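All remarks here apply to the structure that follows.
Residue numbers (the authors' numbering), protein chains in the order written: chain C, 60 to 174, 177 to 223; chain C', 60 to 174, 177 to 223; chain A, 129 to 296; chain A', 72 to 296; chain B, 7 to 37, 40 to 235; chain B', 7 to 37, 40 to 235. A prime marks a further copy of an entry chain.
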């Protein structure tokens, strides 16, 4: 919350010092509840509303060094399955291969989300290693959008301000 | 009304000890009035209503021993005729033969009932007798329904609860 | 079943005399929480639609749409009412679950000072559309609790008019 | 989608809420002259301006109804008639102004026992449509280095006000309580812009203070689950 | 398709080369679940170090504990499916290396006779199921199999050249001795990897190289029987 | 077809009666494993006694622990299949009885308020999963559901008459409130049985009557999804 740390908020750093740990823990996907979704436009739009349903998509692009080699994998756990204790429980769910030769054409789609639901977790697929004369830190950019199948049913007389 | 006699309520027993007596005495057929009809769905439906008319049917199936022989007869006295003092007064009314080879295909229909009316009585047509090595008691199951010709005319502002 | 509602409000005295008093009614969507204290922001919300009518006019006819997020109301539920992913603990707001009802109304008096007359109001209820699918039996014995159909140890019998079944 | 009949846009915009409140003190110090003028200032309140600020190009007519009562809800037989002065003419300052004698201004009178009043006024602003934002200098004069004598008070942007008087030889002896509801009739927007997230400090300026705020801090730490 | 944050795949324009024109197919001579098998899960990441010599795994012994369908298949000995293996090495312009990858059928395990007395004891219970830990090599001429490394060329093999490309895929056919044979009793095959270039780099480069193992059944099965 | 010494079936000339011409079918509107599902296993035998009042089970709660596919389906909430229920009573010429069998959807469970103080505590953890033991009835008017027994006729029902036949089969359709709904969160239905004739017999007869429950999916499913 410091004043002189304002610009670094927009990303999250990643370093090679950490080994096979845990990158980010996305909270339960709910625009109505608190979390990352309150900043989005749809979550504010839902502030007068109750029931929502639709599809979710995520896009990732890789911004590493020109000589580096490795493999990244992003998977979403389907509903029913609890939080992944092991990578074996993660592999049974839908997973997409992320090569470093293809940047952003990878598309993952969650068929249906309503309001209970599944969870998404991100682990270190493998440690990013570089030889001498290369930076020891990188950054990752993420994307999130919704499909055409978003609809609204019931209006609510609720105002979140103030 | 005892607690530990709850399950036996749903039937009525019959025994060979009684000889040519009287099985059951059905009260005047009136869903509005008290009696067996208050438990039925139509009688509750009539609680906001006054005038009803329709047809009545009764079905009986025989559940005796495999070796027993005998004849049962169920008859409904038509209107005008009083309660049957003798079986001769019962025979002049409509009667149906109930063989033990046919179980439930027997159908009796009362043409028209309104709101005064006739009466129905059930006597022991003959005593149920069995040889040694057979149970001395049996049970009888009865059925009652209405035809398509049931109609309603006048609504009433009456509530039976409480 | 799913249907809209129509209500009219009448106020009078126990002697039947009429008085010239005007009220306007404001509705809060069920999604927004209901006010608890007078200093809540629910009274200042302008986004909530309102309709004002007088008393000398013909009786008021108002209709509200079905705003519940579900498809239709459910009177019975063979399970656990909460629709959360947690299935072993209990919510902090247990007991008070306004997520199932359809909200409430707020009443205030127009004028600088508070009103000095109490009123008597009666409400009538009706259905507009009738559509049913699964028929179930009704209740025969009385109710002991308001939200639970539980019974006591003093059993009852539908009727005992017949003194004895053996005789006529 | 499959069926879009229930998803009609009608419920997406239509919402009536309390916007204004006008008091008529029988004596006072803020208003000791016994009369007040209320210009239609949408920007006055933050809560309503949040909905409006998503819109940039709009022109529409207005519909208002007036209700008066007591804090106990009792009704009284009092009649009022409302007179409107075009925005072009200046608003009255003192009681001896000529604005009360102007017969050329149309007026409509309705009672209270009748069904609620429905009145509409046309768009009389000389411009094409209202503009909430203006990346420049608001004055439309050939002078671009000095400032007008009437700086600060510029009624050339609003839509005027209403005058209220009491019928009778003597002044009224009862104060009234009045609430106003506001709505839009036509909805048409062109250029979409973001809304506001932090609070407002001044009424006519979006300036902020040195105490910055954060949208949320619910997560105790991002490292853990 | 994958529940999580990893749906990495290997493009759509791969270069599959057939071998001797005997590409795997369906044997349906005489002498429905298809929804949950087509989804692939990504195995956990592993850190490669300088002192690593290699690893080996027994198939399908690893999948008995990992896969969801692995647990209930412990009492159902039948299994028949082909696999597609993709290998890729994420490296920048300051790394050198070469990789040799091959499949060795019936990878027999030979014991060792060390010490003053040539007598060996029974393997312990803990080492019977090493899991992800695996084993450590002692004599890498034989790779715990008695086979000189240079002569493995008799089996299908591929050379990983970093000059032009980085990712390569090899396809192998399923082989069995009988038309119907037990899978939990007879070992199918194994994987072998040998490091050719020792890890050399200057300061400032990435000292860790990810190791990627990708499993994807290129030939779908019906299965379902008592065996 | 069954591994063991029991492959009992209910003939091949059964008399299926449709209800209102809405026999179950496939809903495939827009608004492969088929080998291991067609095999039926016979549940263990149970001994009926004189004092038995009846039993009830929650579906598909019983199959979570019994079936092989039950265990791995605990995290996969989806399930959709119709069932065919066959009831038969093996009796000789010296036994009397009648059976009433029906299905009651949303079998709600009501608590009891006994003692001088009408206050009930939370159910214990052990009774949450009774398994094959089940529960015992206390007030059989309500059958732990508040419903008079005589009025259950509103739901589909059948009368077991021993005069002519002995084995009967009833078919019920699958019903749901939403096109896609969770199965592990919403109870599907339950089974109810009530004894009509108390067990009466003379000396020398068999004092024990077997109770047979037969499960067989008459409508096959594809299934396979994330729900």
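We put the beta carbon where it would ideally sit given N, CA and C, even for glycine.
Contact set for residue i: own chain, Cβ-Cβ below 6 Å, skip 5 residues either direction
{"i": "residue 230 of chain A'", "result": "111 and 158"}
{"i": "residue 173 of chain A'", "result": "none"}
{"i": "residue 217 of chain C'", "result": "107, 108 and 109"}
{"i": "residue 86 of chain C'", "result": "94"}
{"i": "residue 98 of chain B", "result": "218"}
Of the residues the options, the one placed nearest residue i, counting alpha carbons only
{"i": "residue 179 of chain B'", "options": "B':14, B':25 and B':217", "result": "B':25"}
{"i": "residue 77 of chain C", "options": "B:99, B:216 and B:224", "result": "B:216"}
{"i": "residue 191 of chain A", "options": "A:208, A:131 and A:206", "result": "A:131"}
{"i": "residue 203 of chain A'", "options": "A':113, A':241 and A':284", "result": "A':113"}
{"i": "residue 143 of chain C", "options": "B:10, B:228, B:72 and B:166", "result": "B:10"}
{"i": "residue 90 of chain B'", "options": "B':104, B':105 and B':46", "result": "B':46"}
{"i": "residue 53 of chain B'", "options": "B':226, B':20, B':148 and B':221", "result": "B':221"}
{"i": "residue 118 of chain A'", "options": "A':279, A':265, A':233 and A':270", "result": "A':270"}
{"i": "residue 141 of chain C", "options": "A:215, A:208, A:207 and A:209", "result": "A:215"}
{"i": "residue 21 of chain B", "options": "B:92, B:135 and B:158", "result": "B:92"}
{"i": "residue 209 of chain C'", "options": "C':189, C':185 and C':170", "result": "C':170"}
{"i": "residue 150 of chain C", "options": "B:12, B:62, B:114 and B:31", "result": "B:12"}
{"i": "residue 160 of chain B", "options": "B:133, B:227, B:31 and B:111", "result": "B:111"}
{"i": "residue 235 of chain B'", "options": "B':227, B':16 and B':186", "result": "B':186"}
{"i": "residue 95 of chain B'", "options": "B':7, B':108 and B':155", "result": "B':108"}
Where residue i meets chain B', residues with beta-carbon distance less than 9 Å
{"i": "residue 209 of chain A", "result": "Here the premise fails: no neighbours, minimum Cβ distance about 11 Å."}
Contacts of residue i in chain B' (Cβ-Cβ under 7 Å)
{"i": "residue 40 of chain B", "result": "40, 41 and 42"}
Contact set between residue i and chain A, taken where Cβ atoms lie within less than 7 Å
{"i": "residue 195 of chain B'", "result": "206 and 207"}
{"i": "residue 109 of chain C", "result": "159 and 197"}
{"i": "residue 68 of chain B'", "result": "The contacting residues do not exist; residue 68 of chain B' stays about 13 Å from chain A at best."}
Within chain C', partners of residue i - CB distance below 8 Å
{"i": "residue 101 of chain B'", "result": "125"}
Cβ neighbours of residue i in the same chain (closer than 8 Å, five flanking residues each side left out)
{"i": "residue 99 of chain C", "result": "90"}
{"i": "residue 233 of chain B", "result": "86"}
{"i": "residue 88 of chain C", "result": "96, 115, 172, 178 and 181"}
{"i": "residue 162 of chain C", "result": "120 and 121"}
{"i": "residue 202 of chain C'", "result": "70, 119, 120 and 122"}
{"i": "residue 132 of chain C", "result": "154, 155, 156, 157 and 186"}
{"i": "residue 261 of chain A'", "result": "127 and 128"}
{"i": "residue 106 of chain B", "result": "167, 168, 169, 170, 204 and 205"}
Residue i, buried or exposed, once every other Cβ within 10 Å from all chains shown has been counted against 16
{"i": "residue 139 of chain B", "result": "exposed"}
{"i": "residue 199 of chain C'", "result": "buried"}
{"i": "residue 197 of chain B'", "result": "buried"}
{"i": "residue 165 of chain B", "result": "exposed"}
{"i": "residue 200 of chain B", "result": "buried"}
{"i": "residue 171 of chain A", "result": "exposed"}
Neighbour list for residue i in chain A', Cβ cutoff strictly below 8 Å
{"i": "residue 219 of chain A", "result": "Within 8 Å Cβ-Cβ: nothing; residue 219 of chain A doesn't reach chain A', min ~18 Å."}
{"i": "residue 60 of chain C", "result": "285 and 288"}
beta-carbon residue i near the ligand FAD non-hydrogen atom, thresh 7 Å
{"i": "residue 177 of chain A", "result": "As for the ligand FAD, it is missing from this structure, which has no ligand bound."}
Proximal residues of chain C, C-beta to C-beta of residue i below 8 Å
{"i": "residue 260 of chain A", "result": "Residues of chain C passing the Cβ test: none, with the nearest at roughly 22 Å."}
{"i": "residue 168 of chain A'", "result": "Those within 8 Å of residue 168 of chain A' in chain C number zero; the least Cβ separation is about 40 Å."}
{"i": "residue 270 of chain A", "result": "Near residue 270 of chain A there are no residues of chain C at all, since even the closest Cβ is about 36 Å away, more than 8 Å."}
Under 9 Å from the C-beta of residue i: neighbouring residues of chain C
{"i": "residue 155 of chain A", "result": "218"}
Proximal chain B' residues relative to residue i, where beta-carbon distance stays under 8 Å
{"i": "residue 238 of chain B", "result": "Here chain B has residues from 7 to 235 only, and residue 238 of chain B is not among them."}
Sequence-distant residues of the same chain with beta carbon closer than 7 Å to residue i, five excluded per side
{"i": "residue 192 of chain B", "result": "85"}
{"i": "residue 35 of chain B'", "result": "none"}
Neighbouring residues, chain B, relative to residue i (Cβ below 8 Å)
{"i": "residue 182 of chain C", "result": "10 and 11"}
Could you name the residues of the region 73 to 92 of chain B whose beta carbon sits closer than 8 Å to any beta carbon of chain C, in the order they occur along the chain? 73, 74, 75 and 76
Going along the chain, which residues of the region 196 to 217 of chain B sit with their C-beta nearer than 8 Å to a C-beta in chain C? 209, 210, 211, 212, 213, 214, 215, 216 and 217
Short-range partners of chain C' found in the region 178 to 193 of chain B', where Cβ spacing is below 7 Å: none
Scan the region 102 to 123 of chain B' for residues whose Cβ lies nearer than 9 Å to a Cβ of chain D and list them as they occur along the chain. Given the protein chain composition of this structure (C, C', A, A', B and B'), no chain D is represented.
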